[PDB]
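Undergrad: Sharing target-v3.pdb below, PDB, C-alpha atoms:
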MODEL        1
ATOM      1  CA  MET A   1     104.987 103.232 111.708  1.00  0.00           C
ATOM      2  CA  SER A   2     102.442 100.525 111.359  1.00  0.00           C
ATOM      3  CA  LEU A   3     100.046 103.118 109.989  1.00  0.00           C
ATOM      4  CA  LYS A   4      96.709 101.624 111.102  1.00  0.00           C
ATOM      5  CA  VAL A   5      95.081 103.511 113.994  1.00  0.00           C
ATOM      6  CA  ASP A   6      92.228 102.536 116.311  1.00  0.00           C
ATOM      7  CA  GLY A   7      88.964 104.332 115.583  1.00  0.00           C
ATOM      8  CA  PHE A   8      89.770 104.863 111.893  1.00  0.00           C
ATOM      9  CA  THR A   9      88.552 101.826 109.974  1.00  0.00           C
ATOM     10  CA  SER A  10      90.009 103.050 106.706  1.00  0.00           C
ATOM     11  CA  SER A  11      93.496 103.604 108.077  1.00  0.00           C
ATOM     12  CA  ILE A  12      94.760 100.076 107.243  1.00  0.00           C
ATOM     13  CA  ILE A  13      94.698 101.371 103.647  1.00  0.00           C
ATOM     14  CA  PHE A  14      97.804 103.452 104.324  1.00  0.00           C
ATOM     15  CA  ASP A  15      99.757 100.299 105.301  1.00  0.00           C
ATOM     16  CA  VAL A  16      98.808  98.700 101.975  1.00  0.00           C
ATOM     17  CA  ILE A  17      99.666 101.852  99.992  1.00  0.00           C
ATOM     18  CA  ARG A  18     103.086 102.200 101.677  1.00  0.00           C
ATOM     19  CA  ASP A  19     103.977  98.573 100.923  1.00  0.00           C
ATOM     20  CA  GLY A  20     102.985  98.855  97.271  1.00  0.00           C
ATOM     21  CA  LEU A  21     104.747 102.182  96.765  1.00  0.00           C
ATOM     22  CA  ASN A  22     107.966 101.070  98.549  1.00  0.00           C
ATOM     23  CA  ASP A  23     108.134  97.643  96.907  1.00  0.00           C
ATOM     24  CA  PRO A  24     111.688  97.525  95.478  1.00  0.00           C
ATOM     25  CA  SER A  25     110.353  95.835  92.329  1.00  0.00           C
ATOM     26  CA  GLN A  26     108.149  98.900  91.578  1.00  0.00           C
ATOM     27  CA  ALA A  27     110.997 101.418  91.379  1.00  0.00           C
ATOM     28  CA  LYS A  28     109.688 102.510  87.988  1.00  0.00           C
ATOM     29  CA  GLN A  29     106.150 103.349  88.848  1.00  0.00           C
ATOM     30  CA  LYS A  30     107.225 104.985  92.119  1.00  0.00           C
ATOM     31  CA  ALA A  31     109.437 107.273  90.046  1.00  0.00           C
ATOM     32  CA  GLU A  32     106.552 107.781  87.623  1.00  0.00           C
ATOM     33  CA  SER A  33     104.065 108.590  90.375  1.00  0.00           C
ATOM     34  CA  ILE A  34     106.534 111.040  91.917  1.00  0.00           C
ATOM     35  CA  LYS A  35     107.019 112.870  88.625  1.00  0.00           C
ATOM     36  CA  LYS A  36     103.272 113.025  87.881  1.00  0.00           C
ATOM     37  CA  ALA A  37     101.933 113.857  91.366  1.00  0.00           C
ATOM     38  CA  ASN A  38     104.855 116.124  92.362  1.00  0.00           C
ATOM     39  CA  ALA A  39     103.227 116.843  95.724  1.00  0.00           C
ATOM     40  CA  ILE A  40     103.090 115.951  99.378  1.00  0.00           C
ATOM     41  CA  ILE A  41      99.435 115.039 100.054  1.00  0.00           C
ATOM     42  CA  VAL A  42      98.103 114.983 103.623  1.00  0.00           C
ATOM     43  CA  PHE A  43      94.908 113.154 104.587  1.00  0.00           C
ATOM     44  CA  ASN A  44      93.155 114.496 107.676  1.00  0.00           C
ATOM     45  CA  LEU A  45      90.591 111.845 108.584  1.00  0.00           C
ATOM     46  CA  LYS A  46      87.721 112.520 111.006  1.00  0.00           C
ATOM     47  CA  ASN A  47      85.893 109.736 112.762  1.00  0.00           C
ATOM     48  CA  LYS A  48      82.487 109.306 114.274  1.00  0.00           C
ATOM     49  CA  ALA A  49      84.205 109.625 117.687  1.00  0.00           C
ATOM     50  CA  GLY A  50      85.154 113.247 116.952  1.00  0.00           C
ATOM     51  CA  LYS A  51      88.901 112.573 116.488  1.00  0.00           C
ATOM     52  CA  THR A  52      91.399 113.685 113.846  1.00  0.00           C
ATOM     53  CA  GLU A  53      94.237 111.494 112.566  1.00  0.00           C
ATOM     54  CA  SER A  54      96.537 112.405 109.694  1.00  0.00           C
ATOM     55  CA  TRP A  55      98.741 110.577 107.207  1.00  0.00           C
ATOM     56  CA  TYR A  56     101.071 111.860 104.483  1.00  0.00           C
ATOM     57  CA  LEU A  57     101.831 110.561 101.005  1.00  0.00           C
ATOM     58  CA  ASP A  58     105.091 112.137  99.831  1.00  0.00           C
ATOM     59  CA  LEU A  59     104.990 111.960  96.032  1.00  0.00           C
ATOM     60  CA  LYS A  60     107.418 114.857  95.438  1.00  0.00           C
ATOM     61  CA  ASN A  61     110.715 113.723  97.010  1.00  0.00           C
ATOM     62  CA  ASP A  62     111.661 110.056  97.353  1.00  0.00           C
ATOM     63  CA  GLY A  63     108.330 108.316  97.857  1.00  0.00           C
ATOM     64  CA  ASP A  64     107.182 107.798 101.423  1.00  0.00           C
ATOM     65  CA  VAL A  65     103.906 107.140 103.207  1.00  0.00           C
ATOM     66  CA  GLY A  66     103.723 107.809 106.908  1.00  0.00           C
ATOM     67  CA  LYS A  67     101.890 109.045 109.973  1.00  0.00           C
ATOM     68  CA  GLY A  68     101.205 112.717 110.652  1.00  0.00           C
ATOM     69  CA  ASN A  69     100.103 115.925 108.969  1.00  0.00           C
ATOM     70  CA  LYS A  70     103.606 116.836 107.746  1.00  0.00           C
ATOM     71  CA  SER A  71     106.061 114.863 105.691  1.00  0.00           C
ATOM     72  CA  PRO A  72     109.521 115.000 107.309  1.00  0.00           C
ATOM     73  CA  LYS A  73     110.903 115.998 103.882  1.00  0.00           C
ATOM     74  CA  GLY A  74     108.738 119.067 103.294  1.00  0.00           C
ATOM     75  CA  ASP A  75     105.380 120.638 103.907  1.00  0.00           C
ATOM     76  CA  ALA A  76     102.077 119.636 102.418  1.00  0.00           C
ATOM     77  CA  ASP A  77     101.165 120.671  98.896  1.00  0.00           C
ATOM     78  CA  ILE A  78      97.605 119.377  99.358  1.00  0.00           C
ATOM     79  CA  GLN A  79      95.487 118.657 102.416  1.00  0.00           C
ATOM     80  CA  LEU A  80      92.383 116.494 102.125  1.00  0.00           C
ATOM     81  CA  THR A  81      89.974 116.539 105.071  1.00  0.00           C
ATOM     82  CA  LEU A  82      87.071 114.098 105.153  1.00  0.00           C
ATOM     83  CA  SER A  83      85.425 111.515 107.363  1.00  0.00           C
ATOM     84  CA  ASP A  84      86.807 108.008 107.831  1.00  0.00           C
ATOM     85  CA  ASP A  85      83.681 106.580 106.189  1.00  0.00           C
ATOM     86  CA  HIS A  86      83.936 108.849 103.162  1.00  0.00           C
ATOM     87  CA  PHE A  87      87.670 108.131 102.656  1.00  0.00           C
ATOM     88  CA  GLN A  88      86.930 104.423 102.631  1.00  0.00           C
ATOM     89  CA  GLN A  89      84.091 105.001 100.158  1.00  0.00           C
ATOM     90  CA  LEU A  90      86.485 106.978  97.950  1.00  0.00           C
ATOM     91  CA  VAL A  91      89.100 104.197  97.971  1.00  0.00           C
ATOM     92  CA  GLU A  92      86.464 101.513  97.284  1.00  0.00           C
ATOM     93  CA  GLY A  93      85.271 103.625  94.343  1.00  0.00           C
ATOM     94  CA  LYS A  94      81.742 104.108  95.696  1.00  0.00           C
ATOM     95  CA  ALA A  95      82.298 107.858  96.121  1.00  0.00           C
ATOM     96  CA  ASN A  96      83.771 110.403  93.741  1.00  0.00           C
ATOM     97  CA  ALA A  97      86.201 113.008  95.061  1.00  0.00           C
ATOM     98  CA  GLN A  98      84.690 115.794  93.000  1.00  0.00           C
ATOM     99  CA  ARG A  99      81.160 115.030  94.219  1.00  0.00           C
ATOM    100  CA  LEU A 100      82.398 114.757  97.815  1.00  0.00           C
ATOM    101  CA  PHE A 101      83.935 118.221  97.372  1.00  0.00           C
ATOM    102  CA  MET A 102      80.833 119.746  95.804  1.00  0.00           C
ATOM    103  CA  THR A 103      78.542 118.435  98.575  1.00  0.00           C
ATOM    104  CA  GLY A 104      80.851 119.698 101.380  1.00  0.00           C
ATOM    105  CA  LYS A 105      82.052 116.226 102.424  1.00  0.00           C
ATOM    106  CA  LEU A 106      85.702 116.765 101.377  1.00  0.00           C
ATOM    107  CA  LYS A 107      87.661 119.921 102.123  1.00  0.00           C
ATOM    108  CA  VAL A 108      90.747 120.732 100.042  1.00  0.00           C
ATOM    109  CA  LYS A 109      93.722 122.971 100.764  1.00  0.00           C
ATOM    110  CA  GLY A 110      96.167 123.626  97.943  1.00  0.00           C
ATOM    111  CA  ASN A 111      95.626 122.983  94.234  1.00  0.00           C
ATOM    112  CA  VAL A 112      92.148 121.602  93.703  1.00  0.00           C
ATOM    113  CA  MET A 113      93.042 120.112  90.344  1.00  0.00           C
ATOM    114  CA  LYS A 114      95.427 117.676  91.979  1.00  0.00           C
ATOM    115  CA  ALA A 115      92.814 116.838  94.612  1.00  0.00           C
ATOM    116  CA  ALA A 116      90.388 116.090  91.737  1.00  0.00           C
ATOM    117  CA  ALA A 117      92.976 113.591  90.471  1.00  0.00           C
ATOM    118  CA  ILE A 118      93.359 111.914  93.877  1.00  0.00           C
ATOM    119  CA  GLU A 119      91.840 108.562  93.042  1.00  0.00           C
ATOM    120  CA  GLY A 120      93.949 108.422  89.890  1.00  0.00           C
ATOM    121  CA  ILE A 121      96.988 109.314  92.009  1.00  0.00           C
ATOM    122  CA  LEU A 122      95.954 106.603  94.469  1.00  0.00           C
ATOM    123  CA  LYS A 123      95.771 103.849  91.842  1.00  0.00           C
ATOM    124  CA  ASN A 124      99.107 104.361  90.091  1.00  0.00           C
ATOM    125  CA  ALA A 125     100.753 104.960  93.492  1.00  0.00           C
ATOM    126  CA  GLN A 126     100.779 101.398  94.842  1.00  0.00           C
ATOM    127  CA  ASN A 127      99.510  99.479  91.763  1.00  0.00           C
ATOM    128  CA  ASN A 128     101.685  96.348  91.767  1.00  0.00           C
TER     129      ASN A 128
ATOM    130  CA  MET B   1      75.404 129.104  88.740  1.00  0.00           C
ATOM    131  CA  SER B   2      76.156 125.419  88.995  1.00  0.00           C
ATOM    132  CA  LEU B   3      78.362 125.216  85.926  1.00  0.00           C
ATOM    133  CA  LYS B   4      78.015 121.478  85.299  1.00  0.00           C
ATOM    134  CA  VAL B   5      75.592 120.532  82.531  1.00  0.00           C
ATOM    135  CA  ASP B   6      73.545 117.384  82.027  1.00  0.00           C
ATOM    136  CA  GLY B   7      75.047 115.062  79.447  1.00  0.00           C
ATOM    137  CA  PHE B   8      78.595 116.161  80.325  1.00  0.00           C
ATOM    138  CA  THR B   9      79.643 113.864  83.138  1.00  0.00           C
ATOM    139  CA  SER B  10      83.010 115.636  83.457  1.00  0.00           C
ATOM    140  CA  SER B  11      81.610 119.136  83.804  1.00  0.00           C
ATOM    141  CA  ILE B  12      81.365 119.032  87.617  1.00  0.00           C
ATOM    142  CA  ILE B  13      85.101 119.822  87.550  1.00  0.00           C
ATOM    143  CA  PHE B  14      84.237 123.372  86.534  1.00  0.00           C
ATOM    144  CA  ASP B  15      82.240 123.711  89.780  1.00  0.00           C
ATOM    145  CA  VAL B  16      85.167 122.148  91.668  1.00  0.00           C
ATOM    146  CA  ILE B  17      87.675 124.516  90.069  1.00  0.00           C
ATOM    147  CA  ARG B  18      85.543 127.602  90.706  1.00  0.00           C
ATOM    148  CA  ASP B  19      85.098 126.747  94.401  1.00  0.00           C
ATOM    149  CA  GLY B  20      88.749 125.839  94.912  1.00  0.00           C
ATOM    150  CA  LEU B  21      89.935 128.938  93.065  1.00  0.00           C
ATOM    151  CA  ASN B  22      87.472 131.325  94.740  1.00  0.00           C
ATOM    152  CA  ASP B  23      87.912 129.925  98.273  1.00  0.00           C
ATOM    153  CA  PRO B  24      88.842 132.977 100.411  1.00  0.00           C
ATOM    154  CA  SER B  25      91.156 130.848 102.515  1.00  0.00           C
ATOM    155  CA  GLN B  26      93.133 130.135  99.304  1.00  0.00           C
ATOM    156  CA  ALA B  27      93.860 133.747  98.299  1.00  0.00           C
ATOM    157  CA  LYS B  28      97.486 132.812  97.677  1.00  0.00           C
ATOM    158  CA  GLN B  29      96.815 129.622  95.700  1.00  0.00           C
ATOM    159  CA  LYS B  30      94.519 131.756  93.529  1.00  0.00           C
ATOM    160  CA  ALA B  31      97.123 134.496  93.182  1.00  0.00           C
ATOM    161  CA  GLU B  32      99.831 132.142  91.909  1.00  0.00           C
ATOM    162  CA  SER B  33      97.688 130.293  89.354  1.00  0.00           C
ATOM    163  CA  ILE B  34      96.794 133.685  87.921  1.00  0.00           C
ATOM    164  CA  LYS B  35     100.432 134.771  88.013  1.00  0.00           C
ATOM    165  CA  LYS B  36     101.998 131.730  86.307  1.00  0.00           C
ATOM    166  CA  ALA B  37      99.201 130.389  84.082  1.00  0.00           C
ATOM    167  CA  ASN B  38      98.556 133.896  82.755  1.00  0.00           C
ATOM    168  CA  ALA B  39      95.884 132.950  80.191  1.00  0.00           C
ATOM    169  CA  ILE B  40      92.162 132.577  79.606  1.00  0.00           C
ATOM    170  CA  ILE B  41      91.493 128.934  78.684  1.00  0.00           C
ATOM    171  CA  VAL B  42      88.306 127.719  76.990  1.00  0.00           C
ATOM    172  CA  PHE B  43      87.232 124.075  77.118  1.00  0.00           C
ATOM    173  CA  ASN B  44      85.129 122.800  74.203  1.00  0.00           C
ATOM    174  CA  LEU B  45      83.664 119.503  75.389  1.00  0.00           C
ATOM    175  CA  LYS B  46      81.989 117.025  73.017  1.00  0.00           C
ATOM    176  CA  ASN B  47      79.782 114.164  74.152  1.00  0.00           C
ATOM    177  CA  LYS B  48      78.714 110.926  72.528  1.00  0.00           C
ATOM    178  CA  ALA B  49      75.280 112.479  71.896  1.00  0.00           C
ATOM    179  CA  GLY B  50      76.904 114.874  69.435  1.00  0.00           C
ATOM    180  CA  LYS B  51      76.585 118.038  71.511  1.00  0.00           C
ATOM    181  CA  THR B  52      79.176 120.721  72.324  1.00  0.00           C
ATOM    182  CA  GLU B  53      79.374 122.680  75.590  1.00  0.00           C
ATOM    183  CA  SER B  54      82.072 125.187  76.475  1.00  0.00           C
ATOM    184  CA  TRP B  55      83.489 126.724  79.643  1.00  0.00           C
ATOM    185  CA  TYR B  56      86.121 129.381  80.215  1.00  0.00           C
ATOM    186  CA  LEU B  57      88.808 129.508  82.894  1.00  0.00           C
ATOM    187  CA  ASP B  58      90.065 133.098  83.176  1.00  0.00           C
ATOM    188  CA  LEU B  59      93.460 132.746  84.917  1.00  0.00           C
ATOM    189  CA  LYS B  60      95.257 135.935  83.881  1.00  0.00           C
ATOM    190  CA  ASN B  61      92.987 138.697  85.264  1.00  0.00           C
ATOM    191  CA  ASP B  62      91.285 137.976  88.611  1.00  0.00           C
ATOM    192  CA  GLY B  63      90.491 134.275  88.177  1.00  0.00           C
ATOM    193  CA  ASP B  64      86.897 133.397  87.324  1.00  0.00           C
ATOM    194  CA  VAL B  65      85.364 130.192  85.963  1.00  0.00           C
ATOM    195  CA  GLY B  66      82.173 130.202  83.956  1.00  0.00           C
ATOM    196  CA  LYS B  67      79.969 128.892  81.181  1.00  0.00           C
ATOM    197  CA  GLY B  68      80.543 129.667  77.523  1.00  0.00           C
ATOM    198  CA  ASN B  69      83.439 129.980  75.106  1.00  0.00           C
ATOM    199  CA  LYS B  70      84.164 133.640  75.920  1.00  0.00           C
ATOM    200  CA  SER B  71      85.664 135.202  79.078  1.00  0.00           C
ATOM    201  CA  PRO B  72      84.125 138.578  80.013  1.00  0.00           C
ATOM    202  CA  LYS B  73      87.489 140.306  80.867  1.00  0.00           C
ATOM    203  CA  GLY B  74      89.544 140.094  77.693  1.00  0.00           C
ATOM    204  CA  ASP B  75      88.771 136.998  75.649  1.00  0.00           C
ATOM    205  CA  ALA B  76      90.075 133.525  75.075  1.00  0.00           C
ATOM    206  CA  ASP B  77      93.789 132.883  74.666  1.00  0.00           C
ATOM    207  CA  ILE B  78      93.842 129.069  74.178  1.00  0.00           C
ATOM    208  CA  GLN B  79      91.068 126.584  73.352  1.00  0.00           C
ATOM    209  CA  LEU B  80      90.993 122.870  74.230  1.00  0.00           C
ATOM    210  CA  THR B  81      88.592 120.479  72.470  1.00  0.00           C
ATOM    211  CA  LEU B  82      88.138 116.946  73.720  1.00  0.00           C
ATOM    212  CA  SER B  83      85.447 114.436  74.560  1.00  0.00           C
ATOM    213  CA  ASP B  84      83.575 114.349  77.850  1.00  0.00           C
ATOM    214  CA  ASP B  85      84.968 110.881  78.662  1.00  0.00           C
ATOM    215  CA  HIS B  86      88.559 111.842  77.923  1.00  0.00           C
ATOM    216  CA  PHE B  87      88.283 115.109  79.829  1.00  0.00           C
ATOM    217  CA  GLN B  88      86.907 113.201  82.809  1.00  0.00           C
ATOM    218  CA  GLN B  89      89.803 110.769  82.496  1.00  0.00           C
ATOM    219  CA  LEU B  90      92.208 113.702  82.339  1.00  0.00           C
ATOM    220  CA  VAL B  91      90.683 115.423  85.378  1.00  0.00           C
ATOM    221  CA  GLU B  92      90.549 112.227  87.482  1.00  0.00           C
ATOM    222  CA  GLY B  93      94.228 111.464  86.773  1.00  0.00           C
ATOM    223  CA  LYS B  94      93.633 108.417  84.545  1.00  0.00           C
ATOM    224  CA  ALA B  95      94.889 110.009  81.282  1.00  0.00           C
ATOM    225  CA  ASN B  96      97.830 112.186  80.226  1.00  0.00           C
ATOM    226  CA  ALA B  97      97.253 115.475  78.380  1.00  0.00           C
ATOM    227  CA  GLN B  98     100.136 115.353  75.937  1.00  0.00           C
ATOM    228  CA  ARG B  99      99.318 111.812  75.065  1.00  0.00           C
ATOM    229  CA  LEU B 100      95.666 112.743  74.531  1.00  0.00           C
ATOM    230  CA  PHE B 101      97.207 115.336  72.201  1.00  0.00           C
ATOM    231  CA  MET B 102      99.550 113.146  70.192  1.00  0.00           C
ATOM    232  CA  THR B 103      96.725 110.644  69.546  1.00  0.00           C
ATOM    233  CA  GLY B 104      94.323 113.260  68.224  1.00  0.00           C
ATOM    234  CA  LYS B 105      91.994 112.946  71.244  1.00  0.00           C
ATOM    235  CA  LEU B 106      92.736 116.473  72.433  1.00  0.00           C
ATOM    236  CA  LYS B 107      92.900 119.418  70.044  1.00  0.00           C
ATOM    237  CA  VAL B 108      94.609 122.737  70.792  1.00  0.00           C
ATOM    238  CA  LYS B 109      93.598 125.972  69.036  1.00  0.00           C
ATOM    239  CA  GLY B 110      94.978 129.440  69.729  1.00  0.00           C
ATOM    240  CA  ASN B 111      98.200 130.800  71.199  1.00  0.00           C
ATOM    241  CA  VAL B 112     101.132 128.402  72.017  1.00  0.00           C
ATOM    242  CA  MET B 113     102.501 131.359  73.881  1.00  0.00           C
ATOM    243  CA  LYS B 114      99.911 131.082  76.675  1.00  0.00           C
ATOM    244  CA  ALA B 115      99.275 127.385  76.076  1.00  0.00           C
ATOM    245  CA  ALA B 116     102.734 126.259  77.197  1.00  0.00           C
ATOM    246  CA  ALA B 117     101.962 127.439  80.752  1.00  0.00           C
ATOM    247  CA  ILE B 118      98.591 126.208  82.004  1.00  0.00           C
TER     248      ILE B 118
ENDMDL
END
Show how you would write the structure in this file as structure tokens.
TA:
Amino acid sequence: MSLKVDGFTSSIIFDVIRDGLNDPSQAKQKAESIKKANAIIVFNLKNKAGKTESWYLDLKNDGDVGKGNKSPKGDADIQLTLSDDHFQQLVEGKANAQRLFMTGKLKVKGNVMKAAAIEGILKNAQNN
Amino acid sequence: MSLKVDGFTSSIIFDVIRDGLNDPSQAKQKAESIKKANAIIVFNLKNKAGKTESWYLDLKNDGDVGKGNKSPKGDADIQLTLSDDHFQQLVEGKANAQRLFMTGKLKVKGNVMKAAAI
């Protein structure tokens, strides 16, 4: 879709990530991020209105970003649940995923060692 | 036991790993990392102040993380020595383990036999 959603200020970030990942001129890093991450990662964002919106970052099959809590090409390997404000802090680099986890701000389903690597995964994903 | 130690910026990952491994809602994630990894791994971290701290990751018995260079159920199978900065890079996804290895930044002592699966 156009991945931005009302009520989730950080959600424009998924539009940027999709564009950078899908850029035909980045075929190499896409293939490199798929071989390193080797996971479907779902983000369940929670806003200060009480709502839940989800997005998926398929870095195990062909390299897709989209709306929803399930990739159409598989089921999630990792689920990250956190507030819209904390996700935006994490992308801006003013919050650390491992500290967010330890203080109860980020919940993780699946392999925690790939969640720990999320902001590394997020850089090399769309880094044009 | 908060396993992180002052002076080792990366060591929070041992708290992260313990919580994620011991999470009761992840009984099956736990059960597979014990079933495939099938080793006790010790991390010997070195900081730029010259100190050494170690942690163990028992992933072949029931799956515990703790402080020190010796696991209480059976003892260490493979030992990894690296700096605090490089380990933090490795954990955060900004460095590759086998390239830390081929450049001498990461040292591997012990059994290749357990080491291959991690």
Undergrad: When the cut-off is 6 Å and we count only C-alpha atoms, which residues of chain B are near chain A, given as a list in words?
TA: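 So the residues of chain B near chain A are residues 20, 91, 92, 93 and 94 of chain B.
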Undergrad: Could you check how far atom CA of residue 2 of chain B sits from atom CA of residue 100 of chain A, in Å to one decimal?
TA: 15.2 Å
Undergrad: Would you translate the PyMOL selection byres ((chain A and resi 14) around 8) into the concrete set of residues it matches in this file, as a VMD selection string?
TA: chain A and resid 3 to 4 11 to 13 15 to 18 55 65 to 66
Undergrad: Select, counting all atoms listed in the file, all protein, DNA and RNA residues no farther than 10 Å from (106.0, 111.5, 100.0) in file coordinates, and express the selection as number ranges by chain.
TA: A: 18, 21, 34, 37-42, 56-66, 70-76
Undergrad: Which residues are near residue 43 of chain B? Cut-off 6 Å, all atoms listed in the file, ignore same chain within fewer than 3 positions. Put them as a PyMOL selection string.
TA: chain B and resi 54-55+79-80
Undergrad: N, CA and C atoms are needed for segment 37-52 of chain B; please write them out as a compact mmCIF listing (two decimals), keeping the file's coordinate frame.
TA:
# COMPACT_ATOMS: atom_id res chain seq x y z
N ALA B 37 99.96 130.88 85.23
CA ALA B 37 99.20 130.39 84.08
C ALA B 37 98.99 131.50 83.07
N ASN B 38 98.56 132.67 83.54
CA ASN B 38 98.56 133.90 82.76
C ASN B 38 97.88 133.72 81.39
N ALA B 39 96.66 133.16 81.41
CA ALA B 39 95.88 132.95 80.19
C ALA B 39 94.42 132.72 80.54
N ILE B 40 93.53 133.08 79.60
CA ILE B 40 92.16 132.58 79.61
C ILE B 40 92.12 131.30 78.78
N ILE B 41 91.60 130.22 79.36
CA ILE B 41 91.49 128.93 78.68
C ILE B 41 90.02 128.58 78.52
N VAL B 42 89.64 128.22 77.29
CA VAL B 42 88.31 127.72 76.99
C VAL B 42 88.37 126.21 76.77
N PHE B 43 87.40 125.50 77.33
CA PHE B 43 87.23 124.08 77.12
C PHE B 43 86.00 123.85 76.26
N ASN B 44 86.21 123.23 75.09
CA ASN B 44 85.13 122.80 74.20
C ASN B 44 84.97 121.30 74.40
N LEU B 45 83.94 120.91 75.13
CA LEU B 45 83.66 119.50 75.39
C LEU B 45 82.65 118.97 74.38
N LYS B 46 82.85 117.72 73.98
CA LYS B 46 81.99 117.02 73.02
C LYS B 46 81.54 115.71 73.63
N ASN B 47 80.25 115.41 73.57
CA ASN B 47 79.78 114.16 74.15
C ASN B 47 79.39 113.18 73.05
N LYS B 48 79.10 111.96 73.47
CA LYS B 48 78.71 110.93 72.53
C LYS B 48 77.29 111.09 72.03
N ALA B 49 76.56 112.11 72.48
CA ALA B 49 75.28 112.48 71.90
C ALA B 49 75.42 113.52 70.80
N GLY B 50 76.65 113.92 70.49
CA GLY B 50 76.90 114.87 69.44
C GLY B 50 76.89 116.33 69.85
N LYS B 51 76.68 116.64 71.12
CA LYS B 51 76.58 118.04 71.51
C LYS B 51 77.93 118.60 71.98
N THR B 52 78.02 119.93 71.91
CA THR B 52 79.18 120.72 72.32
C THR B 52 78.75 121.66 73.45
